[PDB]
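Okay, model_32.cif now, which holds mmCIF, C-alpha atoms and all ligand atoms:
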```cif
data_start
loop_
_atom_site.label_atom_id
_atom_site.label_comp_id
_atom_site.auth_asym_id
_atom_site.auth_seq_id
_atom_site.Cartn_x
_atom_site.Cartn_y
_atom_site.Cartn_z
CA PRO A 5 97.40 241.01 -97.26
CA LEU A 6 98.24 242.96 -100.44
CA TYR A 7 99.28 240.59 -103.22
CA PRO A 8 103.07 240.90 -103.97
CA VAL A 9 102.45 241.61 -107.65
CA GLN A 10 100.44 244.78 -108.48
CA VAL A 11 99.59 246.72 -111.62
CA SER A 12 98.96 250.45 -111.60
CA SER A 13 95.57 251.73 -112.65
CA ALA A 14 97.20 255.02 -113.69
CA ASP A 15 99.59 253.59 -116.28
CA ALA A 16 99.51 249.78 -115.93
CA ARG A 17 103.13 249.53 -114.77
CA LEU A 18 103.88 246.30 -112.94
CA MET A 19 105.19 246.49 -109.35
CA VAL A 20 106.64 243.57 -107.39
CA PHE A 21 107.18 243.62 -103.67
CA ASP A 22 110.70 243.19 -102.33
CA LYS A 23 110.31 241.62 -98.89
CA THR A 24 113.88 242.25 -97.71
CA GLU A 25 113.24 245.98 -98.03
CA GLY A 26 109.50 246.39 -97.81
CA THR A 27 109.63 248.29 -101.16
CA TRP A 28 107.93 247.92 -104.54
CA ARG A 29 110.16 247.52 -107.59
CA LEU A 30 109.54 247.80 -111.32
CA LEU A 31 110.23 245.02 -113.83
CA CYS A 32 113.06 245.89 -116.17
CA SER A 33 112.18 245.55 -119.83
CA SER A 34 113.56 242.42 -121.62
CA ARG A 35 113.12 240.53 -124.85
CA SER A 36 110.63 238.30 -122.95
CA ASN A 37 108.24 241.11 -122.02
CA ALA A 38 105.25 239.30 -123.57
CA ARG A 39 105.64 236.20 -121.48
CA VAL A 40 106.34 238.27 -118.37
CA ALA A 41 103.26 240.45 -119.03
CA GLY A 42 101.17 237.27 -119.53
CA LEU A 43 102.59 235.50 -116.46
CA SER A 44 102.10 238.60 -114.20
CA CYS A 45 98.39 238.93 -115.11
CA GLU A 46 97.78 235.15 -114.58
CA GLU A 47 99.60 235.40 -111.23
CA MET A 48 97.34 238.15 -110.11
CA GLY A 49 94.18 236.25 -110.99
CA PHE A 50 93.44 238.03 -114.31
CA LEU A 51 92.99 235.76 -117.35
CA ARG A 52 95.59 237.25 -119.62
CA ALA A 53 97.38 240.39 -120.64
CA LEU A 54 95.60 242.11 -123.54
CA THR A 55 98.74 244.13 -124.36
CA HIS A 56 101.94 245.42 -122.69
CA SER A 57 104.29 248.30 -123.34
CA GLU A 58 107.58 249.72 -122.14
CA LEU A 59 107.70 252.91 -120.09
CA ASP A 60 110.79 255.07 -119.45
CA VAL A 61 111.52 256.19 -115.91
CA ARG A 62 112.63 259.51 -117.35
CA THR A 63 109.29 260.33 -118.91
CA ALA A 64 106.91 258.27 -116.72
CA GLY A 65 108.49 258.63 -113.25
CA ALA A 66 109.18 256.04 -110.53
CA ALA A 67 105.75 256.49 -108.92
CA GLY A 68 106.99 255.37 -105.53
CA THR A 69 109.07 252.34 -106.43
CA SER A 70 112.69 251.79 -105.42
CA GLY A 71 114.60 249.95 -108.09
CA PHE A 72 114.14 247.12 -110.47
CA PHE A 73 113.89 243.42 -110.67
CA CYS A 74 115.12 241.67 -113.79
CA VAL A 75 113.91 238.35 -115.06
CA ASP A 76 115.97 235.25 -115.74
CA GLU A 77 114.73 234.63 -119.24
CA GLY A 78 116.46 231.23 -119.26
CA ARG A 79 114.38 229.97 -116.34
CA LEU A 80 111.24 232.03 -117.25
CA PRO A 81 109.57 229.27 -119.42
CA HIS A 82 109.91 226.64 -116.64
CA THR A 83 107.91 228.68 -114.13
CA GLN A 84 104.39 229.04 -112.84
CA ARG A 85 105.28 232.00 -110.54
CA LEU A 86 107.07 235.24 -111.25
CA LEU A 87 108.79 235.75 -107.91
CA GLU A 88 110.87 232.65 -108.37
CA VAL A 89 112.75 233.88 -111.56
CA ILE A 90 113.35 237.45 -110.60
CA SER A 91 116.41 239.20 -109.07
CA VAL A 92 117.32 242.80 -108.24
CA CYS A 93 119.15 244.48 -111.04
CA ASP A 94 120.21 247.91 -112.24
CA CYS A 95 118.19 248.10 -115.42
CA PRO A 96 120.58 250.64 -117.16
CA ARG A 97 118.07 251.61 -119.84
CA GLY A 98 115.56 252.60 -117.14
CA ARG A 99 112.78 251.01 -119.25
CA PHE A 100 110.14 248.90 -117.56
CA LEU A 101 107.08 246.92 -118.38
CA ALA A 102 103.42 247.96 -118.22
CA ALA A 103 100.78 245.23 -118.76
CA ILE A 104 97.09 245.76 -119.56
CA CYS A 105 95.48 242.61 -118.01
CA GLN A 106 91.84 241.79 -118.77
CA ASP A 107 89.70 243.70 -116.18
CA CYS A 108 87.42 241.52 -114.07
CA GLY A 109 85.38 241.23 -110.87
CA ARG A 110 83.98 244.81 -110.81
CA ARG A 111 80.42 246.01 -111.40
CA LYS A 112 80.11 248.91 -113.83
CA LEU A 113 76.74 250.38 -112.81
CA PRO A 114 76.43 254.05 -111.85
CA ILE B 1 68.89 228.73 -104.61
CA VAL B 2 66.85 228.14 -101.46
CA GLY B 3 66.50 230.96 -98.95
CA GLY B 4 67.88 233.70 -101.22
CA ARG B 5 66.44 236.82 -102.77
CA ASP B 6 65.76 238.27 -106.18
CA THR B 7 68.75 240.25 -107.38
CA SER B 8 68.91 243.05 -110.00
CA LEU B 9 70.64 243.76 -113.31
CA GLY B 10 74.39 244.50 -113.16
CA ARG B 11 74.96 243.08 -109.72
CA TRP B 12 76.39 239.73 -110.78
CA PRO B 13 77.39 240.52 -114.47
CA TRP B 14 79.42 237.32 -114.95
CA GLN B 15 76.44 234.98 -114.37
CA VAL B 16 75.20 233.17 -117.48
CA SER B 17 72.59 230.48 -118.15
CA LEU B 18 73.45 227.44 -120.24
CA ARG B 19 70.37 226.11 -122.07
CA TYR B 20 70.09 222.83 -124.02
CA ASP B 21 67.22 222.71 -126.55
CA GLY B 22 65.55 225.64 -124.83
CA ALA B 23 65.82 224.59 -121.16
CA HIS B 24 68.06 226.15 -118.51
CA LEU B 25 70.24 223.31 -117.30
CA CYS B 26 73.27 224.88 -115.72
CA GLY B 27 74.72 228.12 -114.60
CA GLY B 28 78.24 229.32 -115.60
CA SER B 29 80.60 232.23 -115.03
CA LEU B 30 82.18 234.39 -117.73
CA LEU B 31 86.00 234.46 -117.58
CA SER B 32 86.19 236.71 -120.72
CA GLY B 33 83.69 237.64 -123.51
CA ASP B 34 84.07 234.21 -125.04
CA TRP B 35 84.99 231.70 -122.27
CA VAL B 36 82.69 230.38 -119.55
CA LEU B 37 83.69 228.28 -116.57
CA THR B 38 81.09 225.72 -115.42
CA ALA B 39 80.86 222.08 -114.21
CA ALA B 40 81.83 219.06 -116.26
CA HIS B 41 78.68 217.14 -115.23
CA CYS B 42 76.56 219.46 -117.24
CA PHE B 43 77.72 217.65 -120.37
CA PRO B 44 76.75 213.93 -120.13
CA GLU B 45 76.59 211.68 -123.24
CA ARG B 46 73.06 212.82 -124.07
CA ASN B 47 73.92 216.57 -124.14
CA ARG B 48 76.97 216.79 -126.35
CA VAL B 49 75.59 218.18 -129.64
CA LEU B 50 76.93 221.66 -129.27
CA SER B 51 74.41 223.11 -131.76
CA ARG B 52 71.74 222.46 -129.16
CA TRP B 53 73.39 224.61 -126.43
CA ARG B 54 73.03 228.40 -126.06
CA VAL B 55 74.55 230.77 -123.48
CA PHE B 56 72.17 233.46 -122.20
CA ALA B 57 73.75 236.62 -120.71
CA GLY B 58 73.09 240.15 -119.52
CA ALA B 59 69.64 239.69 -117.91
CA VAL B 60 68.38 238.37 -114.53
CA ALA B 61 64.89 237.26 -115.77
CA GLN B 62 65.06 234.09 -117.88
CA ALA B 63 62.41 235.46 -120.23
CA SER B 64 63.99 238.89 -120.71
CA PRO B 65 64.09 239.72 -124.44
CA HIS B 66 67.03 241.99 -123.58
CA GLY B 67 69.57 239.25 -122.71
CA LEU B 68 71.93 237.95 -125.41
CA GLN B 69 72.20 234.39 -126.58
CA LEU B 70 75.33 232.95 -128.32
CA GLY B 71 76.32 229.52 -129.52
CA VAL B 72 79.08 227.17 -128.41
CA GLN B 73 82.13 226.21 -130.42
CA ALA B 74 83.73 223.84 -127.97
CA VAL B 75 83.58 222.41 -124.48
CA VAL B 76 86.80 221.29 -122.79
CA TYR B 77 86.09 219.13 -119.75
CA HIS B 78 88.43 217.67 -117.16
CA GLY B 79 89.54 214.16 -118.12
CA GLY B 80 89.84 213.24 -114.36
CA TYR B 81 86.07 213.56 -113.90
CA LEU B 82 85.71 209.81 -113.46
CA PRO B 83 81.91 209.86 -113.78
CA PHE B 84 82.57 210.21 -117.53
CA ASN B 92 82.88 213.73 -108.26
CA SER B 93 86.35 215.41 -108.15
CA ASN B 94 87.41 217.45 -111.14
CA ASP B 95 83.86 218.65 -111.88
CA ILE B 96 84.89 221.59 -114.08
CA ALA B 97 84.72 222.51 -117.78
CA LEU B 98 85.29 225.48 -120.05
CA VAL B 99 82.89 226.59 -122.74
CA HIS B 100 84.14 228.62 -125.69
CA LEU B 101 81.43 230.72 -127.36
CA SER B 102 81.31 230.90 -131.15
CA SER B 103 81.73 234.71 -130.92
CA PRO B 104 82.37 237.00 -127.91
CA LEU B 105 79.78 238.78 -125.85
CA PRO B 106 80.16 242.55 -125.64
CA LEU B 107 81.11 243.66 -122.16
CA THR B 108 78.70 246.22 -120.79
CA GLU B 109 77.44 247.27 -117.42
CA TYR B 110 75.46 243.98 -117.43
CA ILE B 111 78.02 241.61 -118.92
CA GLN B 112 81.51 241.54 -117.24
CA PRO B 113 83.94 238.67 -116.46
CA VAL B 114 84.77 237.53 -112.95
CA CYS B 115 88.41 237.14 -111.74
CA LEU B 116 90.26 233.98 -110.68
CA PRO B 117 91.99 233.55 -107.31
CA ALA B 118 95.58 234.79 -107.43
CA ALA B 119 98.46 232.30 -107.24
CA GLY B 120 98.80 231.13 -103.68
CA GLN B 121 95.48 232.71 -102.71
CA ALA B 122 93.79 230.26 -100.36
CA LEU B 123 90.15 229.91 -99.23
CA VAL B 124 89.33 231.52 -95.92
CA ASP B 125 87.16 229.14 -93.83
CA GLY B 126 84.30 231.09 -92.17
CA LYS B 127 84.42 233.81 -94.88
CA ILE B 128 80.96 234.65 -96.27
CA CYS B 129 80.69 234.63 -100.06
CA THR B 130 77.72 234.74 -102.46
CA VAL B 131 76.28 232.06 -104.66
CA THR B 132 73.78 232.93 -107.49
CA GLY B 133 71.62 231.02 -109.95
CA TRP B 134 68.18 230.27 -111.42
CA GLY B 135 67.84 226.84 -109.83
CA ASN B 136 64.91 225.59 -107.78
CA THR B 137 63.97 227.66 -104.75
CA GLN B 138 62.82 224.46 -102.99
CA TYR B 139 64.01 220.99 -103.93
CA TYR B 140 60.46 219.94 -105.03
CA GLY B 141 59.93 223.45 -106.39
CA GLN B 142 60.44 225.23 -109.72
CA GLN B 143 63.43 227.13 -111.07
CA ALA B 144 63.59 230.79 -110.36
CA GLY B 145 62.34 233.19 -113.00
CA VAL B 146 64.57 235.94 -111.65
CA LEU B 147 68.16 235.24 -110.69
CA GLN B 148 68.57 234.70 -106.93
CA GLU B 149 71.51 235.45 -104.62
CA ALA B 150 72.39 233.95 -101.19
CA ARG B 151 75.32 234.53 -98.77
CA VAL B 152 76.79 231.46 -97.16
CA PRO B 153 80.03 230.76 -95.26
CA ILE B 154 82.86 228.40 -96.16
CA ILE B 155 82.90 225.35 -93.86
CA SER B 156 86.11 223.48 -93.01
CA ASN B 157 86.75 220.10 -94.40
CA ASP B 158 87.29 218.77 -90.88
CA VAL B 159 83.67 219.64 -90.18
CA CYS B 160 82.26 218.66 -93.54
CA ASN B 161 83.91 215.28 -93.71
CA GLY B 162 82.59 214.40 -90.25
CA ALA B 163 80.31 211.40 -90.18
CA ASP B 164 77.29 213.69 -89.51
CA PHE B 165 77.80 215.81 -92.61
CA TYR B 166 79.27 213.98 -95.64
CA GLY B 167 81.28 211.27 -93.89
CA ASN B 168 84.56 211.38 -95.89
CA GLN B 169 83.05 212.26 -99.30
CA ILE B 170 84.70 215.72 -99.52
CA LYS B 171 87.95 215.25 -101.45
CA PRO B 172 90.81 217.81 -101.42
CA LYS B 173 89.75 219.73 -104.50
CA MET B 174 86.21 220.59 -103.35
CA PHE B 175 84.83 222.43 -100.30
CA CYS B 176 81.54 222.95 -98.53
CA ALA B 177 79.68 226.15 -97.92
CA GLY B 178 76.42 226.63 -96.05
CA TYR B 179 74.94 226.78 -92.51
CA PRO B 180 75.00 223.72 -90.17
CA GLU B 181 71.38 224.66 -89.55
CA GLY B 182 70.55 224.46 -93.30
CA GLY B 183 67.93 226.88 -94.78
CA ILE B 184 70.07 228.67 -97.42
CA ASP B 185 71.81 226.66 -100.10
CA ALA B 186 72.27 226.19 -103.80
CA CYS B 187 69.97 223.58 -105.41
CA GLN B 188 69.14 221.71 -108.58
CA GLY B 189 69.51 224.06 -111.58
CA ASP B 190 72.42 226.02 -109.95
CA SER B 191 75.07 223.44 -110.99
CA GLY B 192 78.03 225.10 -112.85
CA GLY B 193 77.33 228.48 -111.35
CA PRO B 194 79.43 230.90 -109.34
CA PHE B 195 80.49 230.93 -105.69
CA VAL B 196 82.28 234.32 -105.47
CA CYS B 197 84.15 236.05 -102.66
CA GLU B 198 85.32 239.72 -102.69
CA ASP B 199 88.73 240.94 -101.58
CA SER B 200 90.97 243.97 -101.98
CA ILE B 201 94.43 242.30 -102.42
CA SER B 202 94.86 244.02 -105.83
CA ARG B 203 94.22 247.27 -103.86
CA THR B 204 90.74 247.39 -105.54
CA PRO B 205 87.73 245.30 -104.32
CA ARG B 206 87.18 242.61 -106.91
CA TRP B 207 84.98 239.47 -106.87
CA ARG B 208 86.75 236.25 -107.61
CA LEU B 209 85.33 232.85 -108.51
CA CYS B 210 86.38 230.59 -105.61
CA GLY B 211 83.97 227.73 -106.30
CA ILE B 212 81.74 226.18 -108.94
CA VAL B 213 78.39 224.83 -107.71
CA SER B 214 78.85 221.05 -107.97
CA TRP B 215 76.55 218.96 -105.69
CA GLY B 216 74.92 218.36 -102.34
CA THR B 217 72.32 216.04 -100.73
CA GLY B 218 68.78 217.53 -101.03
CA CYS B 219 68.97 221.29 -100.71
CA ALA B 220 69.17 223.45 -97.59
CA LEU B 221 68.95 220.45 -95.17
CA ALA B 222 70.82 220.94 -91.89
CA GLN B 223 74.27 219.26 -91.94
CA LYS B 224 74.18 218.63 -95.77
CA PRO B 225 75.84 221.90 -97.01
CA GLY B 226 76.55 222.50 -100.67
CA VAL B 227 79.82 221.17 -102.16
CA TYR B 228 81.81 223.20 -104.70
CA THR B 229 84.76 222.55 -106.94
CA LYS B 230 87.76 224.54 -105.53
CA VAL B 231 88.81 226.75 -108.42
CA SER B 232 92.32 227.62 -107.10
CA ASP B 233 93.34 224.00 -107.64
CA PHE B 234 92.56 224.26 -111.36
CA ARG B 235 94.15 227.59 -112.23
CA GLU B 236 96.88 225.99 -114.34
CA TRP B 237 94.43 223.56 -115.93
CA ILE B 238 92.39 226.66 -117.07
CA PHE B 239 95.37 228.64 -118.44
CA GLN B 240 96.60 225.55 -120.37
CA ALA B 241 93.13 224.62 -121.72
CA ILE B 242 92.55 228.06 -123.15
CA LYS B 243 96.01 228.23 -124.72
CA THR B 244 95.78 224.74 -126.11
CA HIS B 245 92.16 224.69 -127.37
CA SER B 246 91.26 228.24 -128.49
CA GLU B 247 90.71 226.93 -132.02
CA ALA B 248 89.10 223.61 -131.08
CA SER B 249 85.49 222.77 -131.97
CA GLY B 250 83.51 219.96 -130.27
CA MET B 251 83.97 218.19 -126.93
CA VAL B 252 87.61 217.90 -125.88
CA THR B 253 89.08 216.73 -122.55
CA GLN B 254 92.20 218.11 -120.81
CA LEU B 255 93.74 216.49 -117.68
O1 LIG C 1 73.23 219.64 -111.39
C1 LIG C 1 72.33 218.64 -111.17
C2 LIG C 1 71.96 217.86 -112.26
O2 LIG C 1 72.58 218.15 -113.48
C3 LIG C 1 71.87 217.88 -114.68
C4 LIG C 1 72.05 219.10 -115.63
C5 LIG C 1 71.83 218.70 -117.09
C6 LIG C 1 72.90 217.72 -117.55
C7 LIG C 1 73.50 216.92 -116.38
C8 LIG C 1 72.40 216.56 -115.37
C9 LIG C 1 72.99 215.57 -114.33
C10 LIG C 1 71.03 216.82 -112.08
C11 LIG C 1 70.49 216.59 -110.82
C12 LIG C 1 70.86 217.38 -109.74
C13 LIG C 1 71.79 218.42 -109.88
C14 LIG C 1 72.16 219.22 -108.77
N1 LIG C 1 71.84 218.87 -107.54
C15 LIG C 1 72.37 219.89 -106.90
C16 LIG C 1 72.33 220.05 -105.54
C17 LIG C 1 72.95 221.20 -104.99
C18 LIG C 1 72.96 221.42 -103.59
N2 LIG C 1 72.05 220.89 -102.81
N3 LIG C 1 73.89 222.15 -103.02
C19 LIG C 1 73.57 222.12 -105.93
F1 LIG C 1 74.15 223.27 -105.53
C20 LIG C 1 73.58 221.91 -107.30
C21 LIG C 1 72.96 220.78 -107.72
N4 LIG C 1 72.83 220.33 -108.91
#
```
Rewrite the structure from the file as structure tokens, please.
Amino acid sequence: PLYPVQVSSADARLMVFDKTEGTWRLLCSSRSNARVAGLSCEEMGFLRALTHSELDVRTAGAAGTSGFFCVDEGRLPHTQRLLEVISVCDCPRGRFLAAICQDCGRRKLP
Amino acid sequence: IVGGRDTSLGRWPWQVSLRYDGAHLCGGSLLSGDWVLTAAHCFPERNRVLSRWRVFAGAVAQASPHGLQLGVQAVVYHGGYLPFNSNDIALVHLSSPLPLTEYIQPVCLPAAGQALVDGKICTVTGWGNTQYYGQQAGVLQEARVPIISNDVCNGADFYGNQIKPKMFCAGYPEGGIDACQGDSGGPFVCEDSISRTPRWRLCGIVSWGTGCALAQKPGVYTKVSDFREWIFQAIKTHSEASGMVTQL
């Protein structure tokens, strides 16, 4: 039932489910990070990404993920969904994307 | 809303009231501090002078002096809304954004692929009439109603083939609890934990129905999932528009 795309509430890192393994992977940083941050939030039902940043596995940790997914930047702007332009990769730099999507659907009373 | 109850401040923080020359005409849902999602039918020929519309937020009593009121810069409505009933949706851009507080918060959209769950019980809110031949509610009302399948709703005894693929019905076969006149444009929200956190998402927009709370004449809503892309495009395309614009 969990949605395949998730964002961490600890550090906003994006996690994408890998169904052949049953694991969650990070999204390797790319020159198209803004469009990927924007698309990921939309995908999840948020309106937009307010900002995004790049984390480093060596300073931020893996936080229970197993690997990376890299985006096909050449197909990226033809899509509506993230899962169809992603592929496992090595992500040598170990830098991944964090996206701050606009918060919604929660009451803020005491 | 017929058969509902008075709700309190902060419970449904995305609910807003759209007033034209002082009167509450439609309900709406905040998508961000400056964008509201409502129904296209709330803007007929006669009500398109944006300076005469105001958006009232952050209060459940229509006469609260503590709610905020902002103006409208533009209205983007669906160009497939043939009355100008499918495609009864529109976006309203406020001239300035509302602050988000414990009483003003946006609601989420369904995720990509997220489908409606027939039988699931969601909430509908608004200041509409509490009886068809009644008066609007002074305090915002809330009611819980289940999603009905289209097979049932399109049956000759309900709406005999009038429910088209981008709308759905919600209510009780028995009637008694329903949305009503003055709730048009408002929210039909369902809660889920697919983002690992319980969040309320806008699954429908109060659109129409025959009478209110009659048995076998449930309320009909615009199915928001089917317009996700229309919403993302409209906001990218028209963020700087002023006036009435149409997007297909
Ligand atoms: O919404 C509605 C209108 O809308 C008015 C609003 C001001 C400008 C446009 C104008 C047409 C007029 C008459 C009726 C309704 C309405 N009926 C209704 C029924 C139900 C129901 N029984 N489920 C609703 F949920 C909502 C409405 N609105």
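Nearest to chain B of all the residues A:30, A:89, A:105, A:80 is A:105, counting all atoms listed in the file.
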query: Got a sec to pull out which chain A residues are within 9 Å of chain B, counting all atoms listed in the file, and send them as a ChimeraX atom specification?
result: /A:5-11,46-52,84-85,106-114
Return as a PDB file with C-alpha atoms, in the frame of the given file the residues of protein, DNA or RNA that approach ligand LIG 1 (chain C) to within 7 Å, with all atoms listed in the file taken into account.
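File out18.pdb, as written:
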```pdb
ATOM      1  CA  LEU B  25      70.240 223.310-117.300  1.00  0.00           C
ATOM      2  CA  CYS B  26      73.270 224.880-115.720  1.00  0.00           C
ATOM      3  CA  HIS B  41      78.680 217.140-115.230  1.00  0.00           C
ATOM      4  CA  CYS B  42      76.560 219.460-117.240  1.00  0.00           C
ATOM      5  CA  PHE B  43      77.720 217.650-120.370  1.00  0.00           C
ATOM      6  CA  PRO B  44      76.750 213.930-120.130  1.00  0.00           C
ATOM      7  CA  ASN B  47      73.920 216.570-124.140  1.00  0.00           C
ATOM      8  CA  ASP B 185      71.810 226.660-100.100  1.00  0.00           C
ATOM      9  CA  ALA B 186      72.270 226.190-103.800  1.00  0.00           C
ATOM     10  CA  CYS B 187      69.970 223.580-105.410  1.00  0.00           C
ATOM     11  CA  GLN B 188      69.140 221.710-108.580  1.00  0.00           C
ATOM     12  CA  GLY B 189      69.510 224.060-111.580  1.00  0.00           C
ATOM     13  CA  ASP B 190      72.420 226.020-109.950  1.00  0.00           C
ATOM     14  CA  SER B 191      75.070 223.440-110.990  1.00  0.00           C
ATOM     15  CA  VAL B 213      78.390 224.830-107.710  1.00  0.00           C
ATOM     16  CA  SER B 214      78.850 221.050-107.970  1.00  0.00           C
ATOM     17  CA  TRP B 215      76.550 218.960-105.690  1.00  0.00           C
ATOM     18  CA  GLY B 216      74.920 218.360-102.340  1.00  0.00           C
ATOM     19  CA  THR B 217      72.320 216.040-100.730  1.00  0.00           C
ATOM     20  CA  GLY B 218      68.780 217.530-101.030  1.00  0.00           C
ATOM     21  CA  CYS B 219      68.970 221.290-100.710  1.00  0.00           C
ATOM     22  CA  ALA B 220      69.170 223.450 -97.590  1.00  0.00           C
ATOM     23  CA  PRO B 225      75.840 221.900 -97.010  1.00  0.00           C
ATOM     24  CA  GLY B 226      76.550 222.500-100.670  1.00  0.00           C
ATOM     25  CA  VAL B 227      79.820 221.170-102.160  1.00  0.00           C
TER      26      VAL B 227
END
```
- Item | Who sits within 8 Å of residue 71 (chain A), all atoms listed in the file, same chain under 6 positions skipped, as a VMD selection string | chain A and resid 28 to 30 92 to 94
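CA of residue 75 (chain B) to CA of residue 35 (chain B) spans 9.7 Å [interatomic distance, one decimal].
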*Can you pull out every residue within 8 Å of residue 33 (chain A), counting all atoms listed in the file, but drop anything in the same chain fewer than 3 positions away, and send it as a PyMOL selection string?*
chain A and resi 37+58+74+95+99-101
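Put simply, CA of residue 180 (chain B) is 7.6 Å away from CA of residue 224 (chain B).
Candidate residues A:35, A:82, A:76, A:67 were compared for distance to residue 13 (chain A), and the nearest is A:67, using all atoms listed in the file.
Atom pair CA of residue 248 (chain B) / CA of residue 17 (chain B) has a distance of 22.1 Å (rounded to one decimal).
All residues of protein, DNA or RNA that reach within 6 Å of residue 98 (chain A), judged by only C-alpha atoms and not counting those fewer than 2 positions away in the chain, are residues 60, 61, 95 and 96 of chain A.
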Atoms kept (C-alpha atoms) for selection, written as a JSON list (two decimals), in the frame of the given file:
```json
[["chain", "number", "residue", "atom", "x", "y", "z"],
["A", 60, "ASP", "CA", 110.79, 255.07, -119.45],
["A", 61, "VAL", "CA", 111.52, 256.19, -115.91],
["A", 95, "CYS", "CA", 118.19, 248.10, -115.42],
["A", 96, "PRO", "CA", 120.58, 250.64, -117.16]]
```
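Among B:132, B:144, B:80, B:161, the residue with the shortest atom-to-atom distance to residue 234 (chain B), counting all atoms listed in the file, is B:80.
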Exercise. Need the neighbours of (83.2, 219.2, -129.9): which residues are at most 9 Å away, counting all atoms listed in the file, as a PyMOL selection string?
Worked result: chain B and resi 48-50+73-76+248-252
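With only C-alpha atoms as the atoms that count, the residue of B:105, B:55, B:1, B:98 with the shortest distance to residue 22 (chain B) is B:55.
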Counting all atoms listed in the file, what is within 10 Å of residue 157 (chain B), bar same-chain residues fewer than 6 positions away, as number ranges by chain? B: 125, 166, 168-172, 174-177
As JSON, what would the box around region 60-66 of chain A look like: edges along x, y and z, 6 Å added on every side, centre and edge lengths in Å to one decimal?
```
{"center_x": 109.8, "center_y": 257.7, "center_z": -115.0, "size_x": 17.7, "size_y": 17.3, "size_z": 20.9}
```
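Distance annotation: of B:33, B:137, B:146, B:92, the residue with the minimal separation from residue 63 (chain B) is B:146; atom set is only C-alpha atoms.
Each of A:81, A:91, A:65, A:104 was checked against residue 16 (chain A) using all atoms listed in the file; the smallest atom-to-atom distance is that of A:104.
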